[PDB]
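Trainee: If you scroll down you'll find the structure; I have some questions about it.
What is reported rests on the model, the rules as stated and the sources as named; no laboratory instrument gave them. Counting neighbours? That spans all protein chains shown, and the Cβs are built from the backbone with ideal geometry, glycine included.
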Ligand code: CLF
Ligand code: CLF
Ligand SMILES: [Mg+2]
Ligand SMILES: [Mg+2]
């Protein structure tokens, strides 16, 4: 049967799937301890993204603007960047890292960000001779790529900046791990996996503490845990495990080229097989055995999914949208549980890469139903297909697609980013064995509630 | 404002909230390693309960019947007990414990269970010289109490039997913990709390492995983990912590009277305060400090619940049904999050006890809205009150109430036993700090889906 | 006096933006500079001019394509973020449109890309016949002539009408410039291009209300009761064509004088339509507004009947909340106008003391109003930033803060509850019923067990866990 790749047939967008590159660069930066990204452009480019992160996480994250105004848009914005760096340093005495993120406006007018960084480094060295602030140029014009590409670009620039400063030294015995754009609950699960395997690793970025407590001492703990030192130590790792081709593998490639740290790109670990293959690669690189505890967690997940697959999932048609690593990985997970992912939507201009993704051939060789993969897609592409008569049983995607599912009376599982219209999702893993279990149970529970509300054999939920 | 206790006003039952005593005794017994309960009565008394456990857990549990037939109804059933014990012992060489559970039939006809036990002990001693099988008489007429009472009775009888055999030994340094009738996920949570507090404890019964894996070697691991040796060591504990007045406290009282192990009954740990008070009690009896990790889990819970309480929960009217310890505990949790539990239903004839429960006073002094507590309730009492015009925003209860909520179009969170009409609930904690957070989130998500299906301000789920 | 906060020692220009009102001062000597440039790198709360045009005003309309000529981010960022329902299924909140600008368009121009996108949008939704096109940062910089494109599209598509707004984000210093450009362009290009049937002796426009959680729909129940025809709402639950008829009204009633005073002023100048400023938040304020409207039209008795009925319905609940909120301290950290709409109404009707106020983008006019109505001992902050908010919390110790959700989530860590001062918690908040709704949310936010629980350190042997008693009106 056939997996066909097709582009959106319209020039414009209705209902964008992703945000722009600068938004993704901000997301990368907020995972770094003692980091406040500085977004060089107009004020909206900062404030709307701070809101987006508050929608997903229900937390505040600090990001600053250079406040480009009309004078700077006409005569150049270098002084706004320079002033913003100094104002951050003067008011935030613990600040260590400032990714300086460009926008459409400051790409169009040609501001020389590397020049402004030289100016700022001299000014900071003179004003604060006992501090070191790392200024990383992040070139993220919004008229290319998407937040996915901006995330990858920011990670790569920040690693290049920090590792250029420190270089290679003592071998650390640790893995570098780039999970991509995942939730705090994903990072929790990976930390547990590595602990149970006795494998030391740094996870870039460590966003576990984004789910921060309300504490009796009123302290604010909502910070990235990845430090300058952690980043610098990437040059000394045993190996890099890159879980996401479009969300950090290019940093693993840079560390391989610069420092001879071997990069191992694996399929993103959605579902059982992809998790098995990630653990096999960890055991190969480290020489550590996979522990019994993971065989058990695997087995618990399979037991749970088996209570659902042939009863409730078989032959049910699914559309999936989100980040490309998530879409392709979830399509593989869906087929393990007898779902039929017939429509996959990926939301940016990177189709020349997607066509060469090995997971497309892996789908070609396991699917018994046609699959349409729309690249450069917007969410109108989904809604239009449903209007034209595509029969879906389930949608998997982020919350900005909610009205499509609501109006079409299709159950929808919230995955990826942002998931603002349900509570607690950022805490639940989607990757790994526990994550496959949790995803499968969310799917069933969404279907079950839909059978009740629609009175569709609701009586059947007794002795399954 | 008044908290009023009233009985069901009808003689008959429509839609019973609980099963009978022997079903609870069975539940107790299946948590013991190398235990097969023997239910002395007709065949339905076993088979229907084995089905009920398969509905809740999606697992098989071994329980045998004495297969009472017409001859035994005329002449007595003792020979059926005695044959059943031997046939179990002959065919299950690793069997160690057989609670012999009576039913309505065998209570009415007066079979002498203790006499049959003497016969069987002699026969087993002669036939299996190197084996010890513990036969516990469990008197559970179905025409009083309920499965709550039967669980309590079975735990007590088993404990009496095994501790009578072994007596008091060397101090263990451990706590005995009776959590009552809780899910595997609740047991997982308590194990974690004790580990984080460096408190050694036996949790009776340890049902974590009811959520068993599907393993490459095809092994069956769906067993209780509480062993004979663990029960016998109860006599040597430092203290007993009883979390459920109606579900195990009487065994903590037995161990206090017999072996001078001091019993501390605390409120069942639904919500924040009750969990706080539990942990304070543990600290007091063990002299161990509450760890920072628990302060942080509490704070994460609080932070999650604060995203919900005043926005979505305040002034919303709730009905709760289930076991008495769960209903009273959940009512307290609801009030912490600004829900209004206006109707509490408790499903058995133990009203004379419930009128003395200190948590009723705790409600009487905290509530600002009238609360009706209906004891000896059935689920028709909920339906009838809705039909007469009680306005509810939420129901919390077990799955046998599902059609009340479905037909009334009221969102329902599944708690307690059995929760067969949603996937995976047995693995999610409801007690503790993590449990409070998960309950709160389930509530919110149920509300959110309801808003979508009913088009009730569904646009509001964006920037909360 | 003007205040130099500790966190501002290195940006001492902030002193001119922060007033602490003290006894006997001539307030004329202490008016914060407002509507000035933002200081880079401060974590100012300000947004951009495009936001003020598309998100705040234009996007409220129920029947109009919102075509954002720019790269995709500006569109993504203004979608799923507002709470302005309609009576047509919330078309306005379900969709956003972009021209998806790419590098080729930056280099060689984006006018054809815009043209094609506009035709596509009209083709994909053939029932929708109205559109607003907005420029964004890059499309303004490259000089695309969107007015010309729109005239070509209207020639090719006689069924449509298109309005254009040149409002890149870097224009002005905040959202405010977007308001201004939209207002002045709409009066100049679209008012007086259509008429509608007049069905009442009494006609008004209601200017500067954006139907947050149904505020406009709630107020409409008053106008229907009074027999007054609203020619146009600017722009809550509104239509593009209603706004083309605004010159027909006898009276302009203004709530948001900040965003929408411009058009009221121009309608007065051009057409002679008087401008009436009211407060549509606040219980006693709403009665004053209805009495002024009715005095203008000579329908005083009708207004008294409405007011008497609403007081009988809602005043007892309001007073219940007042008894329990009296003396609580509040901060308001919003765009600007709500500070002057709310400082004295919460004091008069709920007994609440507003101790700190911050405006993202208010003008000096808005400070004149807020300082006139506000208390001594209160801080008045223009273009506040995050560190300042922490210092102000230390100084005034609020019981509740009305602000946006991200700031709400930050101050939660300090055990300070919030109410969403922008999108509301459980609104609407305008009118009589709405002030009761506001009060309820404030009460539930402050009288919340979770706050007391969060203070308890379970490791402290001297501490127990409290039980708090609440109430309900
Ligand atoms: S201040 Fe305002 S929101 Fe910013 S760009 Fe300018 S009009 Fe728009 Fe747009 S695509 Fe992304 S979000 Fe920006 S970098 Fe450009
Ligand atoms: S074999 Fe059949 S199901 Fe059994 S009792 Fe007899 S008719 Fe009934 Fe009833 S109440 Fe419980 S389940 Fe029993 S112990 Fe009595
Ligand atoms: Mg199972
Ligand atoms: Mg949080």
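One line per residue, one yes/no per condition, for (1) more than 8 Å from every other protein chain (Cβ to nearest Cβ); (2) in contact with a strand residue (DSSP E or B) (Cβ under 9 Å, 6 or more places away or on another chain); (3) touching a residue at least 12 places away in the same chain (Cβ under 8 Å); (4) more than 16 Å from ligand 4 (Cβ to nearest atom):
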{"site": "A:1", "(1), (2), (3), (4)": "yes, yes, yes, yes"}
{"site": "A:6", "(1), (2), (3), (4)": "yes, yes, yes, yes"}
{"site": "A:24", "(1), (2), (3), (4)": "yes, no, yes, yes"}
{"site": "A:28", "(1), (2), (3), (4)": "yes, yes, yes, yes"}
{"site": "A:35", "(1), (2), (3), (4)": "yes, yes, yes, yes"}
{"site": "A:39", "(1), (2), (3), (4)": "yes, yes, yes, yes"}
{"site": "A:46", "(1), (2), (3), (4)": "yes, yes, yes, yes"}
{"site": "A:50", "(1), (2), (3), (4)": "no, no, yes, no"}
{"site": "A:56", "(1), (2), (3), (4)": "yes, no, yes, no"}
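Trainee: Inside the range B:120-136, can you point out the residues that are crowded, with 18+ Cβ neighbours inside 10 Å and assigned to a helix (DSSP H, G or I)? Outline the logic, then answer.
Mentor: To start, the set of residues in the range B:120-136 that are crowded, with 18+ Cβ neighbours inside 10 Å comprises B:120, B:124, B:133-136.
The answer is B:120, B:124.
Trainee: So in the range A:85-106, with the set limited to residues that are in a helix (DSSP H, G or I) and at the interface with another protein chain (Cβ under 8 Å from one of its Cβ atoms), which one is farthest from ligand 2 (Cβ to nearest atom)?
Mentor: That would be A:86.
Trainee: How many residues, within the range B:37-63, are buried (at least 20 other Cβ atoms within 10 Å of the Cβ), within 15 Å of ligand 3 (Cβ to nearest atom) and over 16 Å from the mean Cα position of the chain (by Cα)?
Mentor: Qualifying residue count for the region: 1.
Trainee: Take the conditions under 17 Å from residue A:145 (Cα atoms) and surrounded by fewer than 21 Cβ atoms within 10 Å (Cβ to Cβ) and apply them to residue A:352. Does it pass?
Mentor: Details: under 17 Å from residue A:145 (Cα atoms): yes; surrounded by fewer than 21 Cβ atoms within 10 Å (Cβ to Cβ): yes.
It is true that residue A:352 is under 17 Å from residue A:145 (Cα atoms) and surrounded by fewer than 21 Cβ atoms within 10 Å (Cβ to Cβ).
Trainee: Could you list, ordered by first residue, the pairs with Cβ atoms under 6 Å in which the first is in the range C:41-63 and without any contact (Cβ under 8 Å) to a residue 12 or more places away in the chain and at positive phi and the second is in a helix (DSSP H, G or I) and away from ligand 2 (no atom under 16 Å from the Cβ), at least 6 apart or interchain?
Mentor: The qualifying pairs are C:41/A:84; C:41/A:87; C:41/A:88.
Trainee: I'd like the full set of residues that are closer than 23 Å to residue C:171 by Cβ and within 16 Å of ligand 4 (Cβ to nearest atom), limited to the range A:58-79.
Mentor: To start, the set of residues in the range A:58-79 that are closer than 23 Å to residue C:171 by Cβ comprises A:63-79.
Within the range A:58-79, no residue meets the criteria.
Trainee: Here are some conditions: (1) in contact (Cβ under 8 Å) with a residue 40 or more places away in the chain; (2) under 21 Å from the mean Cα position of the chain (by Cα); (3) surrounded by 19 or more Cβ atoms within 10 Å (Cβ to Cβ). Residue C:364 meets all but one. Which one does it not meet?
Mentor: (3)
Trainee: Exactly one of (1) within 14 Å of chain C (Cβ to nearest Cβ); (2) surrounded by fewer than 23 Cβ atoms within 10 Å (Cβ to Cβ); (3) in a loop (DSSP other than H, G, I, E, B); (4) out of contact with any strand residue (DSSP E or B) (no Cβ under 9 Å at 6 or more places or on another chain) is unmet by residue A:82. Its number?
Mentor: Condition (3) is where residue A:82 drops out.
Trainee: Say whether the condition of being away from ligand 4 (no atom under 16 Å from the Cβ), within 14 Å of another protein chain (Cβ to nearest Cβ), surrounded by 24 or more Cβ atoms within 10 Å (Cβ to Cβ) and touching a residue at least 24 places away in the same chain (Cβ under 8 Å) is met by at least one residue in the range B:156-172.
Mentor: Filtering the range B:156-172 for residues away from ligand 4 (no atom under 16 Å from the Cβ) gives B:156-172.
Filter once more, keeping what is within 14 Å of another protein chain (Cβ to nearest Cβ): none.
The answer is no, given that none of the residues of the range B:156-172 is away from ligand 4 (no atom under 16 Å from the Cβ), within 14 Å of another protein chain (Cβ to nearest Cβ), surrounded by 24 or more Cβ atoms within 10 Å (Cβ to Cβ) and touching a residue at least 24 places away in the same chain (Cβ under 8 Å).
Trainee: Given the conditions (1) touching a strand residue (DSSP E or B) at 6+ places or on another chain (Cβ under 7 Å); (2) surrounded by fewer than 18 Cβ atoms within 10 Å (Cβ to Cβ); (3) within 14 Å of chain A (Cβ to nearest Cβ), report the number of the one that residue B:410 does not fulfil.
Mentor: All conditions are met except number (2).
Trainee: Quick check on this structure: which one of A:397, A:416, A:401, A:347 is over 23 Å from residue A:447 (Cα atoms), buried (at least 23 other Cβ atoms within 10 Å of the Cβ) and under 22 Å from the mean Cα position of the chain (by Cα)?
Mentor: A:347
Trainee: Conditions: (1) touching a strand residue (DSSP E or B) at 6+ places or on another chain (Cβ under 6 Å); (2) under 30 Å from residue C:209 (Cβ atoms); (3) within 11 Å of another protein chain (Cβ to nearest Cβ). Residue C:37 meets all but one. Number of the miss?
Mentor: Here residue C:37 meets the rest and fails (1).
Trainee: Report yes if some residue within the range B:324-332 is assigned to a strand (DSSP E or B), surrounded by 24 or more Cβ atoms within 10 Å (Cβ to Cβ) and not assigned by CATH to the domain that holds residue B:273; otherwise report no.
Mentor: Looking through the range B:324-332, none of the residues is assigned to a strand (DSSP E or B), surrounded by 24 or more Cβ atoms within 10 Å (Cβ to Cβ) and not assigned by CATH to the domain that holds residue B:273.
Trainee: Restricting to the range A:293-315, what's the tally of residues that are more than 8 Å from every other protein chain (Cβ to nearest Cβ), under 14 Å from residue A:336 (Cβ atoms), crowded, with 19+ Cβ neighbours inside 10 Å and over 26 Å from the mean Cα position of the chain (by Cα)?
Mentor: Final tally of qualifying residues: 1.
Trainee: Among the residues of the range A:392-445, count how many are more than 29 Å from residue A:209 (Cα to Cα) and part of a helix (DSSP H, G or I).
Mentor: 7
Trainee: Would you point out which residue out of B:414, B:455 is under 30 Å from residue A:57 (Cβ atoms) and in contact (Cβ under 8 Å) with a residue 12 or more places away in the chain?
Mentor: B:414
Trainee: Within the group B:227, B:258, B:240, which residue is closer than 21 Å to residue B:170 by Cβ, over 14 Å from the mean Cα position of the chain (by Cα) and surrounded by fewer than 17 Cβ atoms within 10 Å (Cβ to Cβ)?
Mentor: B:258
Trainee: Here is a follow-up. Determine if the range A:338-349 includes at least one residue that is touching a residue at least 12 places away in the same chain (Cβ under 8 Å), away from every other protein chain (no Cβ under 14 Å), away from ligand 4 (no atom under 16 Å from the Cβ) and part of a helix (DSSP H, G or I).
Mentor: no
Trainee: On the given criteria, is residue A:19 within 21 Å of residue A:420 (Cβ to Cβ), facing chain C (nearest Cβ under 8 Å), away from ligand 2 (no atom under 16 Å from the Cβ) and surrounded by 20 or more Cβ atoms within 10 Å (Cβ to Cβ)?
Mentor: When the stated conditions are applied, residue A:19 passes them.
Trainee: Would you confirm, using the coordinates I've provided, whether residue C:7 is over 16 Å from residue C:361 (Cβ atoms) and part of a helix (DSSP H, G or I)? Walk me through it before giving the result.
Mentor: Values: over 16 Å from residue C:361 (Cβ atoms): yes; part of a helix (DSSP H, G or I): yes.
Considered against the rule, which asks whether it is over 16 Å from residue C:361 (Cβ atoms) and part of a helix (DSSP H, G or I), residue C:7 comes out as yes.
Trainee: Answer yes if at least one residue in the range C:381-389 is under 17 Å from the mean Cα position of the chain (by Cα), surrounded by fewer than 23 Cβ atoms within 10 Å (Cβ to Cβ) and either within 12 Å of chain A (Cβ to nearest Cβ) or assigned to a strand (DSSP E or B) (or both), and no otherwise.
Mentor: Among the residues of the range C:381-389, not one is under 17 Å from the mean Cα position of the chain (by Cα), surrounded by fewer than 23 Cβ atoms within 10 Å (Cβ to Cβ) and either within 12 Å of chain A (Cβ to nearest Cβ) or assigned to a strand (DSSP E or B) (or both), which makes the answer no.
Trainee: Test of understanding: among A:439, A:461, which residue is surrounded by 23 or more Cβ atoms within 10 Å (Cβ to Cβ) and outside the structural domain of residue A:58 (by CATH)?
Mentor: Working: A:461 fails: surrounded by 23 or more Cβ atoms within 10 Å (Cβ to Cβ).
After ruling out the rest, the residue left standing is A:439.
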